[PDB]
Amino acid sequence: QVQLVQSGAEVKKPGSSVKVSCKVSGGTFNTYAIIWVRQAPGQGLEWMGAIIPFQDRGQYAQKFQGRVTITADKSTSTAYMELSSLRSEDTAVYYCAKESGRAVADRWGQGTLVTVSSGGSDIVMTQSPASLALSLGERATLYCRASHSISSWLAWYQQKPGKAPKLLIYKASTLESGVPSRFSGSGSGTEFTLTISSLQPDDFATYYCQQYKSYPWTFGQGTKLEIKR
């Protein structure tokens, strides 16, 4: 199947630049978008930009305009993200991901830790509850609200500590292949739900909703679902 392998951890001085690589194997490279997402430690996911390799030009969140360059080398099926003028707040795990014909980013790299050591009209995603404490075998219900109508262009991701986001649901209610049927999604427009019919030990994690109607893609701040004490 398809694998995204990123370059390894980096330590940089403030003011420096860093370039992270993302090698795609087993999937078509030239005509599918590669996106870059970063996650400051203990914080949420943040879309930085994307590139469709044949176009030879990336698109970027205004937040990073002028500091990020995304490129793609078609002969090696490797995408790159270069972030300049690094500062402490840029310390984060940087992820590459790609879409596979279903609009959603459904294949993710393993992440690259980068350590720094010496806009209006964007769609806001609001998740609740911020934390859920439940016992094994109980049902969990998670909620996601969008500030603008996104029809059904909403995905749900599961993230375990230290691991890349894993797609569970896309198009609001479609299960990704291999995802157990106890996960289900509902809603369209501005209100969405993720339900886990019966919690199992593997299900304890942080869950994120993401609108992929329009760039910049935006994530909710996540629901942390942990075991009842």
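Residue positions are given as counts along the sequence shown, with the first one as 1.
Chemist: Can you count the deposited residues that have no coordinates between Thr76 and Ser77 and report it as none, 1 to 3, 4 to 9, or 10 or more?
Modeler: Going from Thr76 to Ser77, the model skips no residues of the deposited sequence.
Chemist: On mean C-alpha B-factor from the PDB entry, just flag whether 76 to 84 or 125 to 133 is the higher one.
Modeler: For C-alpha atoms only, the mean B-factor is higher in 125 to 133.
Chemist: Higher average CA B factor in the deposited record is what I'm after, so tell me if that's 166 to 174 or 62 to 70.
Modeler: The entry gives the higher C-alpha B-factor average to 62 to 70.
Chemist: Among the candidates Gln159, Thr112, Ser151, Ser118, give the one with the maximum CA B-factor reported in the record.
Modeler: So the option with the highest C-alpha B-factor is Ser118.
Chemist: Lowest, middle or highest third: where is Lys23 by Cα B-factor in its chain?
Modeler: Middle third of the chain for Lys23's C-alpha B-factor.
Chemist: Would you mind checking where the Cα B-factor of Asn30 ranks among the modelled residues of its chain, as the lowest, middle or highest third?
Modeler: Lowest third, going by the recorded CA B-factors of the chain.
Chemist: Quick check for you: using the entry's CA B-factors within this chain, is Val179 in the lowest, middle or highest third?
Modeler: It falls in the middle third of the chain.
Chemist: Determine, from the deposited record, the chain-internal third of the Cα B-factor for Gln6: lowest, middle or highest.
Modeler: Lowest third of the chain for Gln6's C-alpha B-factor.
Chemist: What third of its chain's C-alpha B-factors does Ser16 belong to: lowest, middle or highest?
Modeler: Its C-alpha B-factor belongs to the highest third of this chain's values.
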